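First up is the structure itself, then whatever we jot down about it.
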Amino acid sequence: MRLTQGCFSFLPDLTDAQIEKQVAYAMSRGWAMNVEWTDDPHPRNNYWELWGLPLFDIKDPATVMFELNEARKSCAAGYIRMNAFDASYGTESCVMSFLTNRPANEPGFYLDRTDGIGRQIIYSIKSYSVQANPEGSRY
Amino acid sequence: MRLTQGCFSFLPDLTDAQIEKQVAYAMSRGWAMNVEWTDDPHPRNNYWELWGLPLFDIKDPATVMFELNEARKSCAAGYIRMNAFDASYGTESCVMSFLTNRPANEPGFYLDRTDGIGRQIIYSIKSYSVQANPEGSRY
Amino acid sequence: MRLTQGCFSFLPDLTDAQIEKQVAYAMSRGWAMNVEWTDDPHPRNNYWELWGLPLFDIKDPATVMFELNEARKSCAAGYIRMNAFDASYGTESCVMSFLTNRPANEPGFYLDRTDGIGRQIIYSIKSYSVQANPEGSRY
Amino acid sequence: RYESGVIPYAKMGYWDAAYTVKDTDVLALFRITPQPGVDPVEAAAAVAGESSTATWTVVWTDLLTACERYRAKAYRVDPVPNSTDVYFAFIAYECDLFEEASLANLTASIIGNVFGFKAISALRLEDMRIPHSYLXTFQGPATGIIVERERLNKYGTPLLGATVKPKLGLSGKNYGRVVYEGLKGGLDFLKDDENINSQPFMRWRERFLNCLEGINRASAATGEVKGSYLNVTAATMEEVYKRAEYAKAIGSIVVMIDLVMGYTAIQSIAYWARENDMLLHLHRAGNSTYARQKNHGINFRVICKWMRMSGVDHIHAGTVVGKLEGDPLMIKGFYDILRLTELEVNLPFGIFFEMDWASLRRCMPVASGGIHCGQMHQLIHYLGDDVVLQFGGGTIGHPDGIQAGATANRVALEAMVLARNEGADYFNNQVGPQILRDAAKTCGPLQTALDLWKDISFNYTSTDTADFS
Amino acid sequence: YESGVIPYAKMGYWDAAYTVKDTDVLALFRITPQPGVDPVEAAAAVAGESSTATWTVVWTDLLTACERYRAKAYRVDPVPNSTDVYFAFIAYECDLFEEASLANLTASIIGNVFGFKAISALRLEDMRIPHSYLXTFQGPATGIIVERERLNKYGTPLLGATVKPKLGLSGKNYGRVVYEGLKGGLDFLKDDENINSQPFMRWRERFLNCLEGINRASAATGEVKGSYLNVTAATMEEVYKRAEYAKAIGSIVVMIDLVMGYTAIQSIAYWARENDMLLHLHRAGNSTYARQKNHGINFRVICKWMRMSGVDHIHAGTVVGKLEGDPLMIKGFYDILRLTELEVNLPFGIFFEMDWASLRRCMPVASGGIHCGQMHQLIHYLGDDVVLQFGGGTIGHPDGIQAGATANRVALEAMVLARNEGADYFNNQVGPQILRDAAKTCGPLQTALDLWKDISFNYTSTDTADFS
Amino acid sequence: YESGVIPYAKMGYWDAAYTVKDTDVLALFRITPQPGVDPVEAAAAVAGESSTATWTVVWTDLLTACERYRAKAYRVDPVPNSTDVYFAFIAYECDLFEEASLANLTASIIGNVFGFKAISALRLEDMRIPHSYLXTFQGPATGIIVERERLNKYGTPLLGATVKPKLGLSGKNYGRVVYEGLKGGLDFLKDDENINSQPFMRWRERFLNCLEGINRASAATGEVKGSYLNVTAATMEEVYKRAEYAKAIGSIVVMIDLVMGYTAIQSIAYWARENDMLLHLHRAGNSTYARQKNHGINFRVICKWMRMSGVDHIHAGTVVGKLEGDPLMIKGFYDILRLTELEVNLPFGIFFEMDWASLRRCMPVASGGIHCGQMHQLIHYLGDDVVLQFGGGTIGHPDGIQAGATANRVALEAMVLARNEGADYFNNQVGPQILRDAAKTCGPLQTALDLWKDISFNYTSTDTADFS
Ligand SMILES: O=C(O)[C@@](O)(COP(=O)(O)O)[C@H](O)[C@H](O)COP(=O)(O)O
Ligand SMILES: O=C(O)[C@@](O)(COP(=O)(O)O)[C@H](O)[C@H](O)COP(=O)(O)O
Ligand SMILES: O=C(O)[C@@](O)(COP(=O)(O)O)[C@H](O)[C@H](O)COP(=O)(O)O
Ligand SMILES: [Mg+2]
Ligand SMILES: [Mg+2]
Ligand SMILES: [Mg+2]
């Protein structure tokens, strides 16, 4: 299956040229960029692993692409996302997040159902990749 | 084991001639047919995958049999069910559901038990096929 | 003090001629009249004593005045009221009540205060006439 | 009219042959047997008076009320066909006489005192027209047939059940065993017997936990939703709620209650069931004390209406061919009353009033008691698709064990419906029994059941019979 | 059922031959189509978008008894003397509506249709609430009849007065004003709609001082007395707390404001029945949607909705006071609130025949810029079962609050006594002379008549009839 | 203070030289005086009858700090191009208002003044809610920022769809439609405003089947998903019961309808914060008073009131869909809901400068008669922080619900990607070509663009600006 977290995952995987134009847009807004990795695709896996620090007013979008390509060389098979953060009053939050890399094959998830009270079901979404192998060996 | 969802699963697997007769009975009631597929056999898997839309306009049973044989050619190994829908006031529900296809081998389920309060057990029914492989690769 | 129960107690005490025109109005509406007596003036003394039965479609307002004047001769000093009742669907209730007689001197009431919880007061309205003497001897 | 003393009820306003029935009126049909020398019209006016506003002597206090609005009117009195000196009396009651949403209040008027009246030797309430405007004040079925089948994922065929036997004496552990075996062998449900509540041989909690293990086991072994009707009937509302709550807490799909609990507790539990996502099965314990005889009591068709209003999900409603009373025309009428969106006059079925059900949900009839799989063709013919066919002895009495008993019943069921749907003249004595023999050639459990019970029948003179053909 | 857009009138939402059922909910809308929009298509669009339709065809209709659930516009008439405006009648199946839920009824009937671009103006004018829906609602917690029984007051309007100034008074002073008005002769006073709890006066101080004043006035007169303690608050929890406090201290009555909204109002109306409390509804905000003839909701509909919800009083107009109120429209509102059933009466704006299903009668309240000099007019237009409220008309009296109160009551009793005797009291000679005759023996009334005799509010009405 | 009637403008309610304080509540009214009524007297009457005045002088003013509590009309301007209509500015002392109470604020500001005979039409256009009053209110339970954090969705509008047909579906089928829409790509679906609990579908069946569908869609996609479960009910008790049920089963979100009313809404908004729930507000009934320019309440004011009360979403218009929405007015609403502060902006209807006092941002929702072919227009007018809802636009797709969903999402992502690259996307060439380029590789979008390309709703607006 295709993991459809991120804001462009219903489009084809982005080329480096496409990623760079997104980076340029965010940096022109004055937003800070960072790169994050995981091999736990769970929808509630809030904290993917940081690749260094966020790149606070680094001005050249080429420097952001360098770090993305360093992360691609160093990190295990899995997901990388690119985020932009806006520290302005009223926001103080992420304002852009899209996937830059995904596995060649993502088995996805199943829905585990426990019988609760009456007719209620207690649900857990289980990842096939995570249940089989430890972090760094899932894809 | 044999999955005994559907209303004819204590009889042998239905032949096409037998299925057409059930289809014809439903269509002379003015009921609408549809075809659905799953590879999650869990008793609480309410929503099997739709094969197109329900066939409300359709009048000839061979038309329904054509769509059924198209589903059988396209879908992964698993289960197919045939349903009849009655939209009339007082019903507005399914009024027939039986299995048209099942896997050659269904390992079935185990009962997973969690210790609740006192002597109570918190139960979860787990599919062998679903826990092992993702949708499309389970049978 | 002046007891101001009834619907005309801010006007002077009604003459027999005035009472009769009120009776005539009520009887022209098809309402049933009755006469009631008490010497407990308490605002919550719902049930004053009946003078006979209500006068159901008696047609002549003179007959109502006769009964009022019989009640005046027979009853102890105190209050008499004249009521009209409408048994129609939507009402089924009294629709007119006014005093025809009052004592020459009504001492009235005092407010008895009991300290409740916090700053709350538990109130009882006490009649000077009632606390001193039994029914039939209050005025 | 308002001078003191006794006057006939027919002169006090309780008889009006020219009365125009309103769509908001509650109507009742009584079968009245006057004492010798009592005028049939006066008897009907007496029933109307004493179930509405009258007493035995004139009271001036009538005149404090809109007395003409509140008096019920007997408006029609027909001789009963072929039944000398018995009459059908139709009586109309103002909507405003009845507390909203209250079966206790409805029944306090309609059945409260009039059955004991000396001047009538026998009285039976045969039917009622409950108006649309009263029905909207009631919940109806907590779940109803449609949602029940959605909860079960079972459509197009009768549901199956079985009462656990022996009636009394089993331990909770052994109860759960029977339930496990029955369900795994093919039954949709089992149930506690009506008299299984809590007793020295089995306290209720033991039954409930062990049965949940059995149920969940059968579900995991089959891939089907399963249940057993856990009986929450108890002495007090407090204890009944405790049992209901416990069943909910452990995940039971269904509970049962007995009619002997009575209307107020039943209404309480029917609201509870809707609020707690629970299926609510009603066993009609005691019904036949007043519903059996033609001359006197309450026809079960009226009880059907009252229980669908109150909002049970299932009610036992007869089998025709089993061990309990059930004339086919009367039974078909009961089933229609429980299942249809509206009723048309159908005198041979005992349906005396046309009546809209006001979109109250459908109540699932339950066919139970002394039935067996050799009768499957008859049960499908008389009773149709939306029914629970329950085989207590007919499952557990199978010589090769409980699972085999269950399997015999289910194969008989599915084979019969398949053949029906194929166009088989299955009720014909030439066809139905052969359908069963044919399936039986490849199912040893069914062959054995057929061999053991095929000739068992219960054929006796009915007491609760029609008046029209 | 092929995908795409088709007109609402082709989707089953217009049926000129529809047979209205006694169980249907009926609505009458005044529709002003945009230029070029067919009048029948507009009516079908209102019917569709208030029942089952959206803007493009959906196959999912086929999973439902679609024909049963579709509402039907069944009649579209031109409005008299009103070019390109139409009266549109629409029938809705009973089963569309949640039992006992004003929130649900209004979600459908008013939810979205007033914002449709294709209609430049829309007004809900009347509704036929069927008997079978009405029996699911409580109706009045108390109702006119039980209310008068609780008061021991029959055959004459009740009297009231809003405490003034609107805002700024302390609790102690509030209790003073209530004592004085009640002791002078008023049956009630009331908190102003905007008196809730504020820095100048927290609510508990008002409630406790008012109970002292009320009880003092009752002991001074021998009558049942009260004042409408306003329990309107931000949250349901705080509203309940204020209502519970009022009950705990013995108040006969509380008030609420319409701005609390329908869900809170239904909660308090059930509470009032459960707690033996009279429930007065102030209609705060009503004129934001009820004033103009082209658009919004006619107040007569609000009357139906609040009688269903079960308030005991609602403000319903004076005719001759400071707020809007055409006499024909007002008479219509009063009939809707007070009668056991309604017959078609087009000059009063009664468009549907309707049985009230024995829901109790709601007490209309006539309030705002009225004075005792108008008593003949108030009795004539409004009848016996009404509360006549004189805020400025009591508290504005130069000889004090008790004098203001006494003037109103003498005027009221004198007027009813004369009416019952057969006086042609509404006549411009007789009415003001009845008052002057009473005033010859009552200084307070003489002064009140002299002070306010020149005061009227005559302006062109906005909310007017279409038939004469 | 002698007894009698004097003009409101002589009673202290008009002051041209008033110095507005930062703690004052300010209101802007569009006033249409009856013929012969002085414009300044009308403004003073609105000021008086919404603060402390009645119709005749009362001595009881003298028991209070009367000058502090009187509201002041301080400016009256003619409306441009609108003969005998005026903009009237009125200042109200902070202490008039109960802390944290929308019911109380509205009791004063809208309670009675709209029914005054002396004014033929009245519209509340804007308000300045002072910082010191705003800190007494919660604001959004969740707000835009925490909402997107809960969703893990950033930099693109969110997507939704109302389930159709409006009424008639069973709970099981409701869950089917929600499963399909979510699995096809929608972030949310929602119950229709009039879907509460009814004979064709009782609410618990809907809630439980929807949780199955939601969870199935989340497991099929790896995204957080939800559907707005409608907890609107007759009573606060029943509303709480439905909200509690939604929480107990794990729903991320519930919805409520505006017809519940302000008191229930504030209760649920506190509840939503307390129970980690997103709170969606459907504005049912809003257009009954918000449609016409002459009279009622401008929706921008409603925006302020509901942001204060603390809903997380509110429906705020589409511009190009089936409901009313002038682009300048809509842009104004969206700014009111989303910004940390407002500057005067007369063409957007922003009449007052106003700080939002760090109350959280409310998510606007754009819904009703929109389709994916308009995506460039929606992005242009409405921006990033909005939920774009396509009910008929999803469920009306000829190749099924998942196809409808997928079309909307591809259109949305394609459009935002192009915008971020610097495309002149709003331009009539570029916008529809971005969509066609994406559609060349996505059958569902190709079909949707072909089906609905001719569909627009162009009609004359009623709710329009006075400045350009
Ligand atoms: O106690 C019994 O006899 C049963 O458990 C049946 O046992 P078997 O299945 O073993 O006969 C049922 O309660 C009866 O059918 C009730 O009668 P009805 O359905 O007429 O109310
Ligand atoms: O605030 C006021 O103006 C009042 O207290 C009247 O005071 P006065 O008696 O001193 O005028 C009432 O709330 C209005 O009558 C409401 O109008 P309606 O009754 O039309 O809703
Ligand atoms: O009922 C309806 O019409 C909708 O569900 C839209 O359905 P479609 O998406 O199928 O049009 C919404 O409630 C309206 O958008 C509300 O209007 P607003 O957002 O202006 O308040
Ligand atoms: Mg039994
Ligand atoms: Mg007021
Ligand atoms: Mg909607």
Side-chain angles (χ1 to χ4, degrees), chain E residues 25 97-112 114 124 127 129 133-134 136-141 231-236 239-240 243 255-273 279-286 288-290 296-312 314-315 359 362, chain F residues 102-103 106-107 110-111 193-194 196-197 230-240 242 255-269 281-289 302 305-306 309 311:
Chain E
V25 171
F97 306 106
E98 183 166 354
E99 300 85 357
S101 182
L102 182 60
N104 187 256
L105 174 68
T106 65
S108 278
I109 303 306
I110 70 178
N112 300 330
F114 292 76
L124 186 53
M127 296 186 75
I129 311 300
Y133 197 53
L134 297 173
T136 70
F137 287 80
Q138 187 184 265
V231 304
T232 295
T235 62
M236 195 76 236
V239 173
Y240 276 136
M255 64 180 288
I256 55 170
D257 299 349
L258 181 63
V259 289
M260 292 200 331
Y262 304 155
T263 296
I265 288 162
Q266 286 204 257
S267 283
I268 291 294
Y270 291 127
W271 180 94
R273 167 75 66 84
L279 180 59
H280 170 90
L281 177 68
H282 182 283
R283 65 175 160 184
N286 171 251
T288 62
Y289 57 76
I297 308 165
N298 195 285
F299 178 66
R300 81 183 65 90
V301 173
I302 299 306
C303 288
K304 291 181 171 176
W305 294 349
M306 294 299 98
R307 183 167 175 193
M308 290 163 65
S309 298
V311 302
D312 291 323
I314 189 173
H315 289 233
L359 297 192
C362 184
Chain F
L102 182 60
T106 65
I110 70 178
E193 73 287 320
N194 60 352
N196 296 350
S197 188
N230 198 343
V231 304
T232 295
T235 62
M236 195 76 236
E237 289 69 36
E238 185 65 26
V239 173
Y240 276 136
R242 294 176 191 187
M255 64 180 288
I256 55 170
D257 299 349
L258 181 63
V259 289
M260 292 200 331
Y262 304 155
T263 296
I265 288 162
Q266 286 204 257
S267 283
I268 291 294
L281 177 68
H282 182 283
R283 65 175 160 184
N286 171 251
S287 293
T288 62
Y289 57 76
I302 299 306
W305 294 349
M306 294 299 98
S309 298
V311 302

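Each chain gets a letter, A, B and so on, in the order its sequence line appears, and its residues count up from 1.
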Side chain proximity check, E:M308 to E:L134, heavy atoms < 4.5 angstrom:
yes
Value for CZ (E:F114) from CG (F:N286), rounded to nearest 0.5 Å, stands at 11.5 Å
On a heavy-atom basis, the closest approach of E:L279 and E:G310 is CD2-O, 4.4 Å
Determine whether F:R242 and F:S197 make a side-chain contact, defined as any pair of heavy atoms from C-beta on separated by less than 4.5 Å.
yes
Between the CG atom in F:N230 and the CE atom in F:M255, the distance rounded to the nearest 0.5 Å is 4.0 Å
Residue pair E:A269 / E:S309: nearest heavy atoms and the distance that separates them
CB-O, 3.2 Å
Can you give me the closest heavy-atom contact between E:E98 and E:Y133, atom names plus distance?
O-OH, 2.7 Å
Step by step, work out the side-chain contact (heavy atoms from CB on, under 4.5 Å) result for F:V239 and E:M236.
CA-CA 11 Å; F:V239 173; E:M236 195 76 236; over 6 Å; no
Any chance you could measure E:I314, atom CD1, to E:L258, atom CG, to the nearest 0.5 Å?
7.0 Å
Indicate the atoms forming the closest heavy-atom contact of E:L102 with E:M306, along with that distance.
CD2-CE, 3.4 Å
Nearest-0.5 Å distance, CZ of residue E:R307 to CD1 of residue E:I129
12.5 Å
Below 30° counts as parallel, above 60° as perpendicular, anything between as tilted: where do the rings of F:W305 and F:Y262 land?
perpendicular
Stepwise side-chain contact (heavy atoms from CB on, under 4.5 Å) test for E:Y240 and E:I268
CA-CA 8 Å; E:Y240 276 136; E:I268 291 294; 3.8 Å; yes
By salt bridge (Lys or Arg N to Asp or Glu O under 4.0 Å), F:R283 pairs with (sequence neighbours left out) none
Test side-chain contact (heavy atoms from CB on, under 4.5 Å) on E:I109 and E:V301; report intermediate values, then the result.
CA-CA 11 Å; E:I109 303 306; E:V301 173; over 6 Å; no
Measure across F:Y289 and E:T288 and return the closest heavy-atom pair with its distance rounded to 0.1 Å.
CB-O, 3.5 Å
Kindly determine whether F:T232 and F:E193 satisfy side-chain contact (heavy atoms from CB on, under 4.5 Å), including the steps that lead there.
CA-CA 8 Å; F:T232 295; F:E193 73 287 320; over 6 Å; no
For the atom pair CG (E:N298) and SG (E:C303), what is the distance rounded to the nearest 0.5 Å?
8.5 Å
E:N104 side-chain N/O to F:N194 backbone N/O, donor-acceptor pair under 3.5 Å:
yes
Rounded to the nearest 0.5 Å, what separates atom NE2 in E:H315 from atom CD1 in E:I302?
15.0 Å
Any donor-acceptor N/O pair, E:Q266 side chain to E:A100 backbone, under 3.5 Å
yes
For E:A103 and F:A233, work out which heavy atoms get closest and say how close.
CB-O, 3.8 Å
